[PDB]
Amino acid sequence: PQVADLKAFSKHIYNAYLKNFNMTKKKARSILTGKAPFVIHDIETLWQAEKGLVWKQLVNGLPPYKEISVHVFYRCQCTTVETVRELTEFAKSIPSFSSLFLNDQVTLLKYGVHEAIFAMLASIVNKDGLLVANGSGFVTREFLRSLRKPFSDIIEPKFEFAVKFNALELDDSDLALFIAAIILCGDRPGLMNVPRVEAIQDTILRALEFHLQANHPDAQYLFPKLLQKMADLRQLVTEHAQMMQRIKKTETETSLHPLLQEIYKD
Ligand SMILES: COc1ccc(-c2ccc(C(=O)N(Cc3ccccc3OCCCCCC(=O)O)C3CC3)cc2)cc1
Ligand SMILES: CCCCCCCO[C@@H]1O[C@H](CO)[C@@H](O)[C@H](O)[C@H]1O
Ligand SMILES: CCCCCCCO[C@@H]1O[C@H](CO)[C@@H](O)[C@H](O)[C@H]1O
């Protein structure tokens, strides 16, 4: 009955995921494998993609142009802010999240969204680059490496994490629970009702462990492997925030979106 109740719980998380995220891993893998995106690998193709592809954020809305590396950074911010919106609606579609007081909801999103973003990023990434523009573009990792420091350096660690994470071969139904476990985390600073959040987290983790038993019957040590990735994501986000601090200190002409300012504020 423990296993039975959690299975319905997992299906509710999965449906929240499918209702709220713009691209599934199923979709992304089908594009990345040829099951075709315009390849952006230098300045000329970058400019042609701005001219030819359809962007959710219209270029004229971006902050005034500065240079190629910054422009890429502004497109990174666009997508991170948009994923915060999607992660917020995902969390609110989980009844036990929506039952928490709104200030605890904000506390959980503040400290969890980047961990979740970097985990879901793996879905659109392979060893050679990542999808952009709703899957209609592909930006090469070697191009992103070619950008000037500090912008190249804030990008490459996410590729390293992603390629390792994708070796575990999670599908969307696993990711739904994994992401819900990252957001419903009782460790976050300043949480008001810690025992309640810890209870929800524990339910999700038990749902996840049983989900992996059914969906991945032949995988060894997969649930522990994913608990370790959750710890790896915390360190990736610590390092990311440290790099953001250096961009705020040393790249004073680069704008940072106000919502991201509030996330890094503390
Ligand atoms: C026309 O030419 C283009 C060239 C590049 C791009 C582009 C757009 C989006 C993404 C992206 O999905 N990203 C960003 C991203 C991906 C990998 C590594 C790092 C990285 O962003 C680090 C900085 C993010 C700071 C903002 C913040 O901290 O929230 C996902 C994390 C959300 C990547 C590249 C678009 C057009
Ligand atoms: C939907 C967006 C989710 C992420 C929002 C980022 C949270 O920012 C925080 O908002 C609080 C006000 O509620 C302030 O008290 C904090 O000083 C501030 O850091
Ligand atoms: C000010 C510097 C920020 C420059 C980067 C551009 C931000 O992009 C978009 O900003 C909108 C306003 O909130 C969000 O609604 C969108 O989701 C987001 O995609």
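Residues numbered from 1 in each chain as written, not as in the entry; some residues may be left out. Chains lettered and ligands numbered in written order. Heavy atoms only, no water.

Under the annotation held in the PDB entry, the protein carries the name Peroxisome proliferator-activated receptor delta and is attributed to Homo sapiens. The title field of the PDB entry reads "Human PPARdelta ligand-binding domain in complexed with specific agonist 12". The record held by UniProt for the protein lists under Subcellular location the comment "Nucleus". For the protein, the Sequence similarities comment in UniProt is given as "Belongs to the nuclear hormone receptor family. NR1 subfamily." (UniProt positions renumbered as here; feature names shortened; annotations may be inferred.)

Turning next to the pattern of salt bridges. Evaluated as defined, the whole model comprises 13 salt bridges. Of the charged contacts in the structure, one is a salt bridge between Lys127 and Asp128, with a shortest N-O distance of 3.2 Å. Among the residues examined, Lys127 registers a relative accessible area of 56% and is labelled exposed. Owing to a relative accessible area of 40%, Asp128 belongs among the partly exposed residues under this scheme. With a shortest N-O distance of 2.6 Å, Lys149 and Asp153 are connected by a salt bridge. We classify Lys149 as exposed; its relative accessible area is 60%. Using a relative accessible area of 26% as the deciding quantity, one classes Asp153 as partly exposed. When salt bridges with common partners are traced through the structure, they connect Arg141, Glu142, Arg145 and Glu156 into a single cluster. (Salt bridge = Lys/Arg side-chain N within 4 Å of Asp/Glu carboxyl O. Buried < 20%, exposed > 50% of the residue type's maximum accessible area, 1.4 Å probe, protein only.)

At a closest axis distance of 11 Å, the pairing of helix α4 (residues 68–92) and helix α9 (residues 172–183) adopts a crossing angle of 95°. Considered as vectors, α4 and α9 are oriented roughly perpendicular to each other. Contacts from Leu87, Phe90 and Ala91 in α4 reach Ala176, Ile179, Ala180 and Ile183 in α9. Split into classes, the residues belonging to the contact of α4 with α9 amount to seven nonpolar, no polar and no charged. (Axes fitted to C-alpha atoms, helices over the stretch in contact; angles between N-to-C directions. Helix = DSSP H or I, 4+ residues; strand = E, 2+ residues; numbered from the N terminus. Parallel < 35°, antiparallel > 145°, perpendicular 65-115°, else oblique. Contact = heavy atoms within 4.5 Å. Nonpolar A, V, L, I, M, F, W, Y, C, P; charged D, E, K, R; others polar.)

Once that is clear, we can look at the state of the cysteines. Taken as a whole, this structure holds zero disulfides when the rule is applied. Of the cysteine sulfurs around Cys76, a residue in no disulfide, the closest is that of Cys78, at 9.1 Å. (Disulfide = S-S within 2.5 Å.)

Applying the stated criterion to the full structure yields seven aromatic pairs. Ring geometry for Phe165 and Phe178: centres 5.3 Å apart, planes at 45°, overall tilted. You can see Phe165 sitting in helix α8 (residues 151–166) and its partner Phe178 sitting in helix α9, a full 13 residues away along the chain. When sorted by exposure, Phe165 lands in the same class as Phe178, which is buried. One aromatic cluster in this structure is built from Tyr14, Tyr17, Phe21 and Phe90. (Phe/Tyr/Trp six-rings, centres within 6.5 Å; stacked < 30°, edge-to-face > 60°.)

Tracing the chain through its elements places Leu259 in helix α12 (residues 258–264). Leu259 gets classed as partly exposed once you look at its relative accessible area, which sits at 35%. Once the C-alpha coordinates of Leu259 and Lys110 are considered, the two residues, 149 residues apart in sequence, prove to be 9.7 Å apart.

With that settled, consider unusual backbone geometry. Backbone torsion omega between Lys149 and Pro150 reads 5°, so that peptide bond is classified as cis. Looking at the element boundaries, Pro150 is found in the loop between α7 (141–145) and α8. Phi is positive for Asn134, which is not a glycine, with a value near 55°. Note on placement: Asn134 falls in the loop between β3 (129–132) and β4 (137–140). Under the relative-accessibility criterion, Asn134 is labelled exposed at 53%. One non-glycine residue, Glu169, adopts positive backbone phi at about 65°. Residue position: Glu169 is located in the loop between α8 and α9.

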